[PDB]
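Novice: Provided below: run35.cif, containing mmCIF, C-alpha atoms and all ligand atoms.
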```cif
data_structure
#
loop_
_atom_site.group_PDB
_atom_site.id
_atom_site.type_symbol
_atom_site.label_atom_id
_atom_site.label_comp_id
_atom_site.auth_asym_id
_atom_site.auth_seq_id
_atom_site.Cartn_x
_atom_site.Cartn_y
_atom_site.Cartn_z
ATOM 1 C CA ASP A 2 -119.221 113.083 -4.525
ATOM 2 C CA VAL A 3 -122.480 111.310 -5.484
ATOM 3 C CA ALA A 4 -124.600 114.059 -3.883
ATOM 4 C CA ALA A 5 -122.570 116.610 -5.859
ATOM 5 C CA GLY A 6 -122.962 114.517 -8.998
ATOM 6 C CA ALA A 7 -126.726 114.574 -8.515
ATOM 7 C CA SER A 8 -126.725 118.374 -8.756
ATOM 8 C CA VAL A 9 -124.500 118.415 -11.828
ATOM 9 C CA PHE A 10 -126.863 115.891 -13.355
ATOM 10 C CA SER A 11 -130.116 117.758 -12.905
ATOM 11 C CA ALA A 12 -128.488 121.053 -13.944
ATOM 12 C CA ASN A 13 -126.906 119.647 -17.099
ATOM 13 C CA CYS A 14 -128.463 116.257 -17.892
ATOM 14 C CA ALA A 15 -132.039 115.825 -16.678
ATOM 15 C CA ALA A 16 -133.263 117.784 -19.733
ATOM 16 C CA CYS A 17 -132.512 114.743 -21.891
ATOM 17 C CA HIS A 18 -131.843 111.928 -19.427
ATOM 18 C CA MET A 19 -134.761 112.433 -17.002
ATOM 19 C CA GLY A 20 -135.145 109.252 -14.953
ATOM 20 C CA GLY A 21 -132.064 107.767 -16.598
ATOM 21 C CA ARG A 22 -133.666 107.515 -20.037
ATOM 22 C CA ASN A 23 -132.901 109.133 -23.389
ATOM 23 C CA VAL A 24 -135.616 111.373 -24.801
ATOM 24 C CA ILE A 25 -133.618 111.801 -28.029
ATOM 25 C CA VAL A 26 -132.311 108.282 -28.738
ATOM 26 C CA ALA A 27 -134.789 105.892 -27.087
ATOM 27 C CA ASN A 28 -132.525 102.811 -26.952
ATOM 28 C CA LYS A 29 -129.516 104.660 -25.433
ATOM 29 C CA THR A 30 -130.571 104.906 -21.790
ATOM 30 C CA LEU A 31 -128.396 105.230 -18.710
ATOM 31 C CA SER A 32 -129.476 101.795 -17.479
ATOM 32 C CA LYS A 33 -126.872 99.266 -16.334
ATOM 33 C CA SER A 34 -127.550 97.111 -19.414
ATOM 34 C CA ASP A 35 -127.390 99.937 -21.948
ATOM 35 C CA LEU A 36 -124.272 101.436 -20.399
ATOM 36 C CA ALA A 37 -122.759 97.958 -20.647
ATOM 37 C CA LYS A 38 -123.934 97.234 -24.201
ATOM 38 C CA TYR A 39 -122.856 100.594 -25.669
ATOM 39 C CA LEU A 40 -120.251 102.252 -23.400
ATOM 40 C CA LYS A 41 -116.678 101.297 -24.364
ATOM 41 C CA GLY A 42 -114.587 100.186 -21.398
ATOM 42 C CA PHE A 43 -117.641 100.366 -19.153
ATOM 43 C CA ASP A 44 -116.962 96.737 -18.179
ATOM 44 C CA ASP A 45 -113.428 97.855 -17.274
ATOM 45 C CA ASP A 46 -114.038 101.002 -15.239
ATOM 46 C CA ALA A 47 -117.689 102.152 -15.153
ATOM 47 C CA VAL A 48 -117.082 105.689 -13.877
ATOM 48 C CA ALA A 49 -114.115 106.266 -16.202
ATOM 49 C CA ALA A 50 -116.165 105.140 -19.196
ATOM 50 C CA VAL A 51 -119.060 107.442 -18.323
ATOM 51 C CA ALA A 52 -116.708 110.301 -17.501
ATOM 52 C CA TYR A 53 -115.309 109.823 -20.992
ATOM 53 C CA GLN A 54 -118.568 110.097 -22.931
ATOM 54 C CA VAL A 55 -119.403 113.117 -20.780
ATOM 55 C CA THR A 56 -116.165 114.947 -21.522
ATOM 56 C CA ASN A 57 -116.319 114.303 -25.268
ATOM 57 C CA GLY A 58 -119.828 113.104 -26.068
ATOM 58 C CA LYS A 59 -121.012 112.119 -29.553
ATOM 59 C CA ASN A 60 -123.793 112.653 -32.094
ATOM 60 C CA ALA A 61 -126.715 114.359 -30.344
ATOM 61 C CA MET A 62 -124.862 114.009 -27.037
ATOM 62 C CA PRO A 63 -122.916 117.239 -26.410
ATOM 63 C CA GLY A 64 -119.480 117.285 -24.787
ATOM 64 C CA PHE A 65 -118.999 119.206 -21.545
ATOM 65 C CA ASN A 66 -115.206 119.481 -21.647
ATOM 66 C CA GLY A 67 -115.274 123.274 -21.578
ATOM 67 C CA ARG A 68 -118.395 123.790 -19.443
ATOM 68 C CA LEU A 69 -117.818 121.311 -16.619
ATOM 69 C CA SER A 70 -114.751 120.971 -14.424
ATOM 70 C CA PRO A 71 -112.892 117.629 -14.267
ATOM 71 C CA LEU A 72 -114.160 117.346 -10.692
ATOM 72 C CA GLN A 73 -117.818 118.006 -11.632
ATOM 73 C CA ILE A 74 -117.431 115.380 -14.384
ATOM 74 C CA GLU A 75 -116.072 112.623 -12.172
ATOM 75 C CA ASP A 76 -118.929 113.489 -9.782
ATOM 76 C CA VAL A 77 -121.758 113.217 -12.301
ATOM 77 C CA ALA A 78 -120.150 110.005 -13.580
ATOM 78 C CA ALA A 79 -120.131 108.360 -10.146
ATOM 79 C CA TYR A 80 -123.725 109.505 -9.690
ATOM 80 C CA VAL A 81 -124.787 107.986 -13.012
ATOM 81 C CA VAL A 82 -122.992 104.709 -12.349
ATOM 82 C CA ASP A 83 -124.574 104.717 -8.898
ATOM 83 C CA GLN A 84 -128.064 105.238 -10.322
ATOM 84 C CA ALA A 85 -127.589 102.667 -13.074
ATOM 85 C CA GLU A 86 -126.506 100.011 -10.573
ATOM 86 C CA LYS A 87 -129.519 100.863 -8.372
ATOM 87 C CA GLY A 88 -132.023 100.906 -11.233
ATOM 88 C CA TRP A 89 -132.980 104.615 -11.219
HETATM 89 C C1 LIG A 101 -129.546 116.184 -24.634
HETATM 90 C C2 LIG A 101 -129.290 117.127 -25.596
HETATM 91 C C3 LIG A 101 -128.486 115.618 -23.881
HETATM 92 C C4 LIG A 101 -127.735 116.250 -22.895
HETATM 93 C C5 LIG A 101 -127.736 117.757 -22.621
HETATM 94 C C6 LIG A 101 -126.868 115.211 -22.303
HETATM 95 N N1 LIG A 101 -126.995 113.995 -23.005
HETATM 96 FE FE1 LIG A 101 -126.142 112.212 -22.589
HETATM 97 N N2 LIG A 101 -126.807 111.512 -24.322
HETATM 98 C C7 LIG A 101 -127.642 112.146 -25.251
HETATM 99 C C8 LIG A 101 -127.749 111.362 -26.459
HETATM 100 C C9 LIG A 101 -128.442 111.747 -27.766
HETATM 101 C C10 LIG A 101 -127.021 110.229 -26.247
HETATM 102 C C11 LIG A 101 -126.736 109.082 -27.209
HETATM 103 C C12 LIG A 101 -125.791 109.539 -28.308
HETATM 104 C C13 LIG A 101 -125.242 108.386 -29.127
HETATM 105 O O1 LIG A 101 -125.682 108.231 -30.288
HETATM 106 O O2 LIG A 101 -124.379 107.631 -28.610
HETATM 107 C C14 LIG A 101 -126.462 110.319 -24.933
HETATM 108 C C15 LIG A 101 -125.728 109.316 -24.335
HETATM 109 C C16 LIG A 101 -125.246 109.347 -23.019
HETATM 110 C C17 LIG A 101 -124.459 108.241 -22.398
HETATM 111 C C18 LIG A 101 -124.369 106.777 -22.925
HETATM 112 C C19 LIG A 101 -125.781 106.215 -23.073
HETATM 113 C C20 LIG A 101 -125.831 104.788 -23.603
HETATM 114 O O3 LIG A 101 -125.357 104.539 -24.730
HETATM 115 O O4 LIG A 101 -126.365 103.909 -22.896
HETATM 116 C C21 LIG A 101 -123.989 108.766 -21.195
HETATM 117 C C22 LIG A 101 -123.009 108.093 -20.200
HETATM 118 C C23 LIG A 101 -124.614 110.107 -21.043
HETATM 119 N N3 LIG A 101 -125.332 110.459 -22.182
HETATM 120 C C24 LIG A 101 -124.500 110.914 -19.902
HETATM 121 C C25 LIG A 101 -124.959 112.234 -19.785
HETATM 122 C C26 LIG A 101 -124.669 113.115 -18.653
HETATM 123 C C27 LIG A 101 -124.100 112.715 -17.288
HETATM 124 C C28 LIG A 101 -125.080 114.378 -19.014
HETATM 125 C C29 LIG A 101 -124.934 115.536 -18.237
HETATM 126 C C30 LIG A 101 -123.703 116.190 -18.195
HETATM 127 C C31 LIG A 101 -125.672 114.271 -20.350
HETATM 128 N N4 LIG A 101 -125.591 112.946 -20.817
HETATM 129 C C32 LIG A 101 -126.248 115.338 -21.052
HETATM 130 C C33 LIG A 101 -128.201 113.398 -25.075
HETATM 131 C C34 LIG A 101 -127.941 114.259 -24.003
#
```
What is this structure when it is put down as C-alpha cells?
Ligand code: HEC
Specialist:
Amino acid sequence: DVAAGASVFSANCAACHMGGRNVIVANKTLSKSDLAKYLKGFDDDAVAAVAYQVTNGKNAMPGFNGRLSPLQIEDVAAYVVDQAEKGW
C-alpha cells in the first residue's frame, strides 16, 4: 500500500514534488502543515483529502482521474500522508 504508493509517486509526482516540495508553487508543499493549511477536509480524513486533489487537481496541478486507477490513487495518497507525518 505505502510501498506501492511510493512507486506511483516517483513515476507521476517526483517531477514536481521532489522531496515533498512544490517546484511550481513554492508555498504549496506536501508538508503536514501545508496539507493542513490548504487541503480541504485534510483535518477530517488525510488520505481522502489527498486522494481528492490527486483525482481532480487544480491550477498547475493536473488531475490523474483518467491516468491512475482508484487503487493507485489511494496508494499514493497514503504514501504522501505517511511522508508528511514523518517529515519527508
Ligand atoms: C507538476 C506539474 C505536478 C505534478 C505532475 C503533480 N503535482 Fe501536485 N501539485 C502541483 C501544484 C502546482 C500544486 C498546487 C496547485 C494549487 O494552486 O493548489 C500541487 C498541489 C498538490 C497537493 C496539495 C499541496 C498543498 O496545498 O499543500 C497535493 C496533495 C499534491 N499536489 C499531490 C500530488 C501527487 C501525489 C502527485 C502525483 C500523482 C502530484 N501532486 C503530481 C503540481 C504537480
Novice: Spell out the residues picked by the PyMOL selection byres (((chain A and resi 83) around 12) and not hetatm) here, as JSON, numbers by chain.
Specialist: {"A": [2, 3, 4, 6, 7, 21, 31, 32, 33, 36, 47, 48, 51, 76, 77, 78, 79, 80, 81, 82, 84, 85, 86, 87, 88, 89]}
Novice: Using 8 Å of padding on each side, determine the axis-aligned box around all atoms of ligand LIG 101 (chain A) present in the file and give its centre and edge lengths in Å to one decimal, as AutoDock Vina command-line options.
Specialist:
```
--center_x -126.3 --center_y 110.8 --center_z -23.8 --size_x 22.5 --size_y 29.8 --size_z 29.0
```
Novice: Could you tell me, as a PyMOL selection string, exactly which residues end up selected when the PyMOL selection byres (((not hetatm)) within 7 of (chain A and resi 101)) is applied to this structure?
Specialist: chain A and resi 9-10+13-14+16-18+23+25-26+29-32+35-36+39-40+51+54-55+59-63+65+77-78+81
Novice: Could you turn the residues from that selection into a file that holds C-alpha atoms, as a PDB file, in the coordinates of the input?
Specialist:
```pdb
ATOM      1  CA  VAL A   9    -124.500 118.415 -11.828  1.00  0.00           C
ATOM      2  CA  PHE A  10    -126.863 115.891 -13.355  1.00  0.00           C
ATOM      3  CA  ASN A  13    -126.906 119.647 -17.099  1.00  0.00           C
ATOM      4  CA  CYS A  14    -128.463 116.257 -17.892  1.00  0.00           C
ATOM      5  CA  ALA A  16    -133.263 117.784 -19.733  1.00  0.00           C
ATOM      6  CA  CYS A  17    -132.512 114.743 -21.891  1.00  0.00           C
ATOM      7  CA  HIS A  18    -131.843 111.928 -19.427  1.00  0.00           C
ATOM      8  CA  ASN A  23    -132.901 109.133 -23.389  1.00  0.00           C
ATOM      9  CA  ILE A  25    -133.618 111.801 -28.029  1.00  0.00           C
ATOM     10  CA  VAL A  26    -132.311 108.282 -28.738  1.00  0.00           C
ATOM     11  CA  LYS A  29    -129.516 104.660 -25.433  1.00  0.00           C
ATOM     12  CA  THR A  30    -130.571 104.906 -21.790  1.00  0.00           C
ATOM     13  CA  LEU A  31    -128.396 105.230 -18.710  1.00  0.00           C
ATOM     14  CA  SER A  32    -129.476 101.795 -17.479  1.00  0.00           C
ATOM     15  CA  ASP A  35    -127.390  99.937 -21.948  1.00  0.00           C
ATOM     16  CA  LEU A  36    -124.272 101.436 -20.399  1.00  0.00           C
ATOM     17  CA  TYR A  39    -122.856 100.594 -25.669  1.00  0.00           C
ATOM     18  CA  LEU A  40    -120.251 102.252 -23.400  1.00  0.00           C
ATOM     19  CA  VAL A  51    -119.060 107.442 -18.323  1.00  0.00           C
ATOM     20  CA  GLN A  54    -118.568 110.097 -22.931  1.00  0.00           C
ATOM     21  CA  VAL A  55    -119.403 113.117 -20.780  1.00  0.00           C
ATOM     22  CA  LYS A  59    -121.012 112.119 -29.553  1.00  0.00           C
ATOM     23  CA  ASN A  60    -123.793 112.653 -32.094  1.00  0.00           C
ATOM     24  CA  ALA A  61    -126.715 114.359 -30.344  1.00  0.00           C
ATOM     25  CA  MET A  62    -124.862 114.009 -27.037  1.00  0.00           C
ATOM     26  CA  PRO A  63    -122.916 117.239 -26.410  1.00  0.00           C
ATOM     27  CA  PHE A  65    -118.999 119.206 -21.545  1.00  0.00           C
ATOM     28  CA  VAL A  77    -121.758 113.217 -12.301  1.00  0.00           C
ATOM     29  CA  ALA A  78    -120.150 110.005 -13.580  1.00  0.00           C
ATOM     30  CA  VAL A  81    -124.787 107.986 -13.012  1.00  0.00           C
TER      31      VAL A  81
END
```
Novice: Which is closest to residue A:50 among A:15, A:27, A:8, A:37, if we use all atoms listed in the file?
Specialist: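 Nearest to residue A:50: A:37.
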Novice: Grab the atom CA of residue A:5 to atom CA of residue A:73 distance for me, in Å with one decimal place.
Specialist: 7.6 Å
Novice: Just give me the gap between atom CA of residue A:24 and atom CA of residue A:11 in Å, one decimal is fine.
Specialist: 14.6 Å
Novice: Which value, in Å to one decimal, gives the distance between atom CA of residue A:70 and atom CA of residue A:34?
Specialist: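 Value for the atom CA of residue A:70-atom CA of residue A:34 distance: 27.5 Å.
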